[PDB]
Amino acid sequence: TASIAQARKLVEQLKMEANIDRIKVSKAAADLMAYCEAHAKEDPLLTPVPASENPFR
Amino acid sequence: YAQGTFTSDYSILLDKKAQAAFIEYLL
Amino acid sequence: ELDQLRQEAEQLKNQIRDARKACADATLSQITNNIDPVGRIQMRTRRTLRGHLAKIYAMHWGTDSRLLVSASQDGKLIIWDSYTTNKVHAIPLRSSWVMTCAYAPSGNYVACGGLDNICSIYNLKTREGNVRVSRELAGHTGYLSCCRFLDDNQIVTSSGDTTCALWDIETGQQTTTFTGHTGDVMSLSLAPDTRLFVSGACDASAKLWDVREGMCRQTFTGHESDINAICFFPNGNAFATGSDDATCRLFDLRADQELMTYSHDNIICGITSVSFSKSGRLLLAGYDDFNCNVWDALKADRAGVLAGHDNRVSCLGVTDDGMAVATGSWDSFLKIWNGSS
Amino acid sequence: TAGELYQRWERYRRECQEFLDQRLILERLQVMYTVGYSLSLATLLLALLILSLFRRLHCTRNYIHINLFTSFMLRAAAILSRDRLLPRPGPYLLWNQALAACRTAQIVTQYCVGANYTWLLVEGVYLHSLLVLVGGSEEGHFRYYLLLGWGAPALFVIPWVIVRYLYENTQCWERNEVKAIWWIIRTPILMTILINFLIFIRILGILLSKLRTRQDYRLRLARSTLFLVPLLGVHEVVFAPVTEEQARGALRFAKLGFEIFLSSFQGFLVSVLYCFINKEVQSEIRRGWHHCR
Amino acid sequence: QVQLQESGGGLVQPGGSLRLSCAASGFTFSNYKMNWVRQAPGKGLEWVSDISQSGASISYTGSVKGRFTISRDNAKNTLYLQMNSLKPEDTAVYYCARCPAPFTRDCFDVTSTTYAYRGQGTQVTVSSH
Amino acid sequence: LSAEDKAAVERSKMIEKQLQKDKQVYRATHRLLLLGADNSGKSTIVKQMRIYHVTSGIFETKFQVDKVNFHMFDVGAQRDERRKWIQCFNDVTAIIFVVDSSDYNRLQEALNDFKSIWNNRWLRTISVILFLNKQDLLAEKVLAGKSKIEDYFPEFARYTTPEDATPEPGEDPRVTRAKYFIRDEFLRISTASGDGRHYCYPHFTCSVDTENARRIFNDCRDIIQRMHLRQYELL
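Residue numbers (the deposited numbering), protein chains in the order written: chain G, 6 to 62; chain P, 1 to 27; chain B, 3 to 343; chain R, 31 to 48, 127 to 201, 208 to 329, 334 to 411; chain N, 1 to 129; chain A, 5 to 58, 181 to 361.
Below, the structure written as C-alpha cells:
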C-alpha cells in the first residue's frame, strides 16, 4: 500500500524534526537587531551613498 | 478645398469694390 | 494500521506547536518598539533596459554587481551590463517558455529552464567566443521554477513535481534529490554559506534542507496560500517568503517560527518576488499590483514604493554590494533603481 | 484686374501732357472660420503634448496620430499666417515686400493643406492594412508612411510653383482666373478624398460583420461611423457633388459656409475625439496622477 | 496550518438525509470560495458544489441539483452541506476544499489527485443491512 | 578608454540588429495553447496538422495556413495542478479548448475546466476557440438511446432546439437538439462574464476532419481584427 509507506515516512520525518534545539525569540530577535545595526553604516540602499562614488549616475 | 475658393472669391469681391470707388472718388 | 500512524502524526505536530510557543517570550515588534523608524525612502530609476519582446519571468545579478541576466518568454536570455546599458549576449533558447534563470558565482556559466522540465546550461566564455549549450540537465517531471548555481560545478533546481534536486554538471545526473513538499516548488534560495537552502512551495510551507545530508531539517508553516518567492537574511539565520495572500512573513531558523508578517489592508494582490537589502534592514517585495513595496524588516512599516511598472512585477534582485535594485516585469522592461542622497 | 487700371490711367496723362451684402457675409465667415482655426490650434496643442511626451502611449497607431495632429497645427498656423498678411488694397487705401511675401505665405499653406489631406489617407491606409491585410506584421511600413505623409504633397505643390509661374503668374498667388490651373493642387486632394471613401466603406463593411456576429445594434453602428468619419476626413466627399453645376444664390454661400465650417473646426473635433474620448489615454492619466500623489 | 477536517457521514438508508460540516482553521475563513468535491469508489475526484466568498453565488453539479444545499458561516468558521433524498450511487468520500487564492473566482485545482488545501475526507455510504 | 568601450558598443549594436530581425518573426507568428482532457481528441487534432513537420515538458506543432504561421503548444508531462504554469500562456493569441461531447460523464468536469479558464485573472483577455470534438460518436450514442443525457443534466427536458441551428442535411432532430445543448452549456459560461475582452468560438468537429486549421485560421483572424478595432475604440 502506498498510504502506509507515506505515513511511516511522515512520522519518522516529524519525529526527528521535533528533536531540535529552539532558541528563545528574545535572543533570536536580538541577533537580528544586532546584525542590522552593525552593518547599517555599510548599507548603500538604506542610507544612500554619496553620488561621487556610486556607479549609477 | 474650401480654403482656396473662399480666398479666391474674397480676392475679387474686395478688388472690384476698390475699382468702382476709385473712379467715383475723383468726381 | 493506518489509524495508528495518523494518531502519532497529529500528536507529534501538537508537540512541535507547544514547543514553539514555549520559546516565544516576546515578538520581534515588541523588542523593536524602541528602534527609530527607517524613514521615507525614495528611489529613482537610474537605468531602463529594453530589448525583450515578451514578459520577463526571471533575472539574476552577477557576482560583480554587474551583468544582470534576464529571461523572457520570447525565447531570449539577454545578459545586460547595467552600466551604459550595452547588451553582452542574446542567447536564444530551444524552448520559448522559460520560468527561471541563473548566473554562476564565477560568472562563466548561465543556467535556464522553464516549462520544459530541462535546466539548460550555457558556457559564456567559450574558446571561440560563441555561447553554446553545455549541458541539458533532464530528469525532472514537472516544469522548472528556480535554479541557483551552488558552486560552478553543481546547481540546485526546484521543479514543479514537488521536488528539488542537486545536479553535477559534468556527470549530468541527480547527485541527490530532496523529496519534500506535496505541491509545486515555486522558489529557492541558498544560504550565504552555500551549505543549506530553503524552498517555498504551493502547500504554504517553506522547508529547510541540508545539501550534504540530503534531508529536510525544519518545516515552517505560517502562510495560507502558495508561496511564490523566498529569500535569505544576509546572516543566514532568517528568511522571508511572499505568498498569494499579499503577506510577507519573516521566519527564523533558530527560533523555528515566524516573527513578523508584513502586510496592509490595502494590498490584496500577492507577492511575486522578495529580496533583502545589503544589511538586511530593508525588504523589497515585488507585488502583483504593478509596483513593489520597500518594507522594513525589523518593523513592518512600508517605507517606500517603487511604482514605475506597467504590468505585474515578476522579478527582483539586489546586487552583492547592495547598490542597486533591478525589477523586471511582464511589460518586458528591467528598471534598475537606486537611492538618492 | 486692378493693377492694369493704373497702368492705363497714367498713360492717358502722357498724351494729355504731350456688392455690399456679399462682402458682409464673407466678413462674417472670416471671423467665424478664424475662430475655429484659432481654437483648434489651442486645443489640439494640449492634446498633442499630453500624448507625445508620455512613454506609455507610443504604439505605431499613436505615431500617425501625432503626425496627423501636427499636420493640423501646421495647416491651421499657415492659414492664420496667410490671413494675417492679406495684402488687401484697403490696408493701404508704390509697395514692396508683401507681394513676394504673399507668394511665400500662400505656397506654404498649399503644402500645409496637402500635408493634412494626405495624412488622413495614410491613417486610412494603415487602418485598412490593420484589418483587411493578412500576414503583414506592419512596423516596417513606417518608412513609407512618413514618405507618403509629408513627401507626397511635395509632388502636388512643387509643379504648381512651376506651371503657374511660367503660364498664369498672378500678384501673390491668390487670384484664380483660370480653373485649369486650379487643378494639380485640387485634383490630388480629390483623389486622396475618393480613396479614403473606399477605405471608409470597407471598414464599415467589416465593422458590420463584427456587430452582427455578436447579438442596441443601431446605436453602436451610428456612434462608430461618426467616430470614423473625421479620422479619414470623409465628410468632405459629400460637399463636393460635381462642382460643374455651380448653383447661384444664397445656397452657394450657405453650402460653402457649412463646408468652411467643418474644415475650420476639424482640428478641434479630431483633437477631442481621439485624445479625450479615448479611454486608454484618459484612464492612463489616472495612473500617472496616482504616482504623483 | 490550513486544516479542513470534516465531520458527519456514516451509514444512511436510501432516501434519507445527512449533513456534513467542515471546520476550517489556520486561515481566515472568508474571502475564499469553498467547494465540496467528492470521490466515489473506483472513480476519480469529482466536483459536487461550491459557494462564493460570502454566499449569494452558489452552484451545483447536475446530478445533485435540487437535492443538496450548501451554506457557510463566516463567524462560525464552518462550511455546511446538507443532503436530502439520498440515492444508492451517492456513496462516496466527501472533501471540503477551498480555492487556492483569496479574493478570486477562478478556483483551479480542487479535484486534482493531490491538493494541499483539501480535507481528510468523510465517508458516506448508502446501503441497507 | 574609449577604444575598449567602442568594442563593447559595437557588440551591442550587432546584438540589437539581430534582435530587430527576430522581433519581426516573433510578431509574425501566432502562438496558440491547446487544452483538453484525456478523452478529448487532442492528439488526433494535433495529428491532423502533424503532417506539416519542419520529462518531455511541452510539445509544439508548427502549421501555416495562407502564408500565416501558427504555433500550437500542448503540455506533455506536467502534474494535475495547473494553476501555476497556466499563467505563462497569458500572451497567446487564443486558447484551443477541446471537449469530448460524447461522454456525458466528464462533461461537467469539462465545463468546470472551461469556467476556470474563462474567469482566470491572467486569462481574462484570451479568446477561447471551443472544439466540441467527437461529434460522430455523439450521434451513435444519441441514436441508440441507451444512455440519456437527462440523467446527468436535469435541465434538458425543457430545452428546445435553437432557431439559428444549422444541422447537416440528413441529421436526425434528436442529435441536433443534443449537440446544440452542449454548445449552449459552454456559451452560457462565456456570455455570463465575457463582455468584449474575449469571446468563445464553438465548433462541431468529428474525429477526423480535413478542415480544422482553417477554422483556427478563420477564427484567429477574427480575434486579430476585433483587437485592432477595439484599439481604435470602434467596437
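Every residue, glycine too, gets a C-beta built ideally from N, C-alpha and C.
Going by DSSP, name the residue or residues bridged to B/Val327.
As a first step, residue 327 of chain B is located in the third sequence; it is residue number 325 there, counting from the start. According to DSSP, which records beta bridges pairwise, B/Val327 is partnered with B/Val320 and B/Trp339.
From N/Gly55, N/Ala92, N/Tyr115 and N/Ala56, pick the residue whose C-alpha is nearest to that of N/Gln39; which is it?
Here residue 39 of chain N refers to the residue found at position 39 when the fifth sequence is read from its first residue. The shortest Cα separation from N/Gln39 among N/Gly55, N/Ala92, N/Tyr115 and N/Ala56 belongs to N/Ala92.
Using a threshold of 9 Å, state whether the C-beta atoms of R/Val236 and R/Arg190 are closer than that.
Locating residue 236 of chain R in the fourth sequence gives position 122, counting from the first residue. Locating residue 190 of chain R in the fourth sequence gives position 82, counting from the first residue. No, these two residues do not count as a Cβ contact at 9 Å.
Could you give the distance in angstroms between the alpha-carbon of B/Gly288 and the alpha-carbon of B/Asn313?
Taking the first residue of the third sequence as position 1, residue 288 of chain B is located at position 286. Taking the first residue of the third sequence as position 1, residue 313 of chain B is located at position 311. Their Cα atoms are separated by approximately 12 Å.
Please compile the residues from chain B whose C-beta is within a distance smaller than 9 Å of the C-beta of N/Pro41.
Taking the first residue of the fifth sequence as position 1, residue 41 of chain N is located at position 41. The premise fails here: N/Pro41 is roughly 17 Å from chain B at the closest Cβ pair, so nothing lies under 9 Å.
Going by C-alpha to C-alpha distance, which of B/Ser72, B/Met101, B/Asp254 and B/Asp298 sits closest to B/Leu336?
Translated into the one-based positions of the third sequence, residue 336 of chain B becomes position 334. That would be B/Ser72, whose Cα lies nearest to the Cα of B/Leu336.
Can you tell me whether B/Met61 is buried or exposed? The criterion is at least 16 other CB atoms within 10 Å of its CB, across all chains shown.
Counting from one through the third sequence, the residue named residue 61 of chain B turns up at place 59. When all chains shown are included, B/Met61 counts as buried.
Please classify B/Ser343 as buried or exposed, where buried requires at least 16 neighbouring CB atoms within 10 angstroms.
Position 341 of the third sequence, counted from the first residue, corresponds to residue 343 of chain B. Exposed: under 16 other Cβ atoms inside 10 Å.
In this structure, what does DSSP give as the bridge partners for N/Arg38?
In the fifth sequence, residue 38 of chain N corresponds to position 38, counting from 1. DSSP, once it has assigned bridges, lists N/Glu46 and N/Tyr94 as partnering N/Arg38.
Against chain A, does R/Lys397 count as a neighbour if the rule is that its beta carbon must be under 9 Å from one of theirs?
As a first step, residue 397 of chain R is located in the fourth sequence; it is residue number 279 there, counting from the start. For R/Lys397, the answer is yes, since a Cβ of chain A falls inside 9 Å of its Cβ.
Cβ of B/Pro94 less than 9 Å from any chain A Cβ?
Position 92 of the third sequence, counting from 1, holds the residue named residue 94 of chain B. Output row for B/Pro94: interface = yes.
Apart from the five residues on each side of it in sequence, which residues of its chain come closer than 6 Å, Cβ to Cβ, to B/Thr178?
Residue numbering aside, residue 178 of chain B sits at position 176 when the third sequence is read from its first letter. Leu168 and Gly216, listed in sequence order.
Who are the Cβ neighbours of A/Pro299 in its own chain at under 6 Å, not counting the five residues just before and after it?
Position 173 of the sixth sequence holds residue 299 of chain A. Answer for A/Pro299: no residue qualifies.
Should A/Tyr230 go down as buried or exposed, given a rule of 16 or more other Cβ atoms within 10 Å for buried?
To locate residue 230 of chain A, count along the sixth sequence from 1; it is residue 104. Label assigned to A/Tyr230: buried.
For A/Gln234, the nearest candidate out of N/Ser112, N/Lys87, N/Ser63 and N/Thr78 (CA to CA):
Taking the sixth sequence and counting its residues from 1, the one referred to as residue 234 of chain A is at position 108. The shortest C-alpha separation from A/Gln234 is found at N/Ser63.
Out of R/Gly249, R/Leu247 and R/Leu234, which has the shortest C-alpha to C-alpha gap to R/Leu304?
The residue you call residue 304 of chain R lines up with position 190 of the fourth sequence. Nearest option by C-alpha distance: R/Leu234.
If contact is defined by three or more beta carbon pairs under 8 Å, each pair taking one atom from either stretch, is the segment 94–104 of chain N in contact with the segment 398–409 of chain R?
no
With DSSP as the reference, label B/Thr86 as helix, strand or coil.
In the third sequence, the residue the question calls residue 86 of chain B occupies position 84. Three-state result, B/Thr86: coil.
Taking all protein chains shown into account, decide if R/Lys373 is buried (16 or more other Cβ within 10 angstroms of its Cβ) or exposed.
The sequence position of residue 373 of chain R within the fourth sequence is 255, counting from 1. Looking at its Cβ environment, which holds fewer than 16 other Cβ atoms inside 10 Å, R/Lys373 is exposed.
Using only the alpha-carbon positions, how far apart do A/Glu294 and A/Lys46 sit?
Looking up residue 294 of chain A in the sixth sequence gives position 168. Looking up residue 46 of chain A in the sixth sequence gives position 42. One C-alpha to the other measures close to 24 Å.
Secondary structure of B/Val213, DSSP reduced to three states
One-based indexing of the third sequence puts residue 213 of chain B at position 211. Three-state result, B/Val213: coil.
Specify the secondary structure class of R/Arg326 as computed by DSSP and reduced to three states.
Translated into positions along the fourth sequence, residue 326 of chain R becomes position 212. Of the three classes helix, strand and coil, the one that applies to R/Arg326 here is helix, per DSSP.
If the criterion is Cβ atoms closer than 9 Å, does the pair B/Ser136 and B/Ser160 meet it?
Here residue 136 of chain B refers to the residue found at position 134 of the third sequence. Here residue 160 of chain B refers to the residue found at position 158 of the third sequence. No, the pair does not count as a contact, with Cβ atoms beyond the cut-off.
Would you identify the three-state DSSP class for A/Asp226, choosing helix, strand or coil?
The residue labelled residue 226 of chain A in the question sits at position 100 within the sixth sequence. If DSSP states are grouped into helix, strand and coil, A/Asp226 belongs with the strands.
B/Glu138 (DSSP reduced to helix, strand or coil):
What you label residue 138 of chain B is simply residue 136 of the third sequence in a count that begins at 1. Reduced to three states, the DSSP call for B/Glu138 is strand.
Would you please state the rounded distance, in angstroms, between the beta carbons of B/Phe222 and B/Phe253? I believe it to be under 8 Å.
Locating residue 222 of chain B in the third sequence gives position 220, where the first residue counts as 1. Locating residue 253 of chain B in the third sequence gives position 251, where the first residue counts as 1. The Cβ separation is near 5 Å, so the contact holds.
Which stretch, first to last residue, makes up the beta strand (DSSP E) that contains B/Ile81?
Counted from its first residue, the third sequence places residue 81 of chain B at position 79. Element bounds for B/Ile81: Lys78 to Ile81.
Bridge partners - A/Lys188, DSSP secondary structure assignment:
Taking the first residue of the sixth sequence as 1, we reach residue 188 of chain A at position 62. Answer is A/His197.
Between the alpha carbons of B/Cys317 and B/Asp76, how many angstroms are there, rounded?
Taking the third sequence and counting its residues from 1, one reaches residue 317 of chain B at position 315. Taking the third sequence and counting its residues from 1, one reaches residue 76 of chain B at position 74. When rounded, the distance between both Cα atoms is 16 Å.
B/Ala257 and G/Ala43 closer than 9 Å at C-beta
Indexing the third sequence from 1 puts residue 257 of chain B at position 255. Indexing the first sequence from 1 puts residue 43 of chain G at position 38. Not closer than 9 Å, so no.
Exposed unless 16 or more other CB atoms sit within 10 angstroms - verdict on R/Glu45:
Numbered from its first residue, the fourth sequence carries residue 45 of chain R at position 15. Exposed is the call here.
Which class does R/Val356 belong to by DSSP, given the choice of helix, strand or coil?
Numbered from its first residue, the fourth sequence carries residue 356 of chain R at position 238. If DSSP states are grouped into helix, strand and coil, R/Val356 belongs with the helices.
Counting only Cβ-Cβ distances shorter than 9 Å, please list the residues of the segment 21–33 of chain B near chain A, keeping chain order.
none
Take every Cβ of the segment 280–287 of chain A, pair it with every Cβ of the segment 301–316 of chain A, and state whether three or more of those distances are shorter than 8 Å.
yes
Note the first and the last residue of the continuous beta strand (DSSP E) segment covering N/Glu6.
As a position in the fifth sequence, residue 6 of chain N is number 6, starting the count at 1. No beta strand (DSSP E) holds N/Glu6; DSSP gives it neither H nor E.
I want to see whether chain A comes within less than 9 Å of R/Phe162, judged by CB atoms only; does it?
Translated into positions along the fourth sequence, residue 162 of chain R becomes position 54. Output row for R/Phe162: interface = no.
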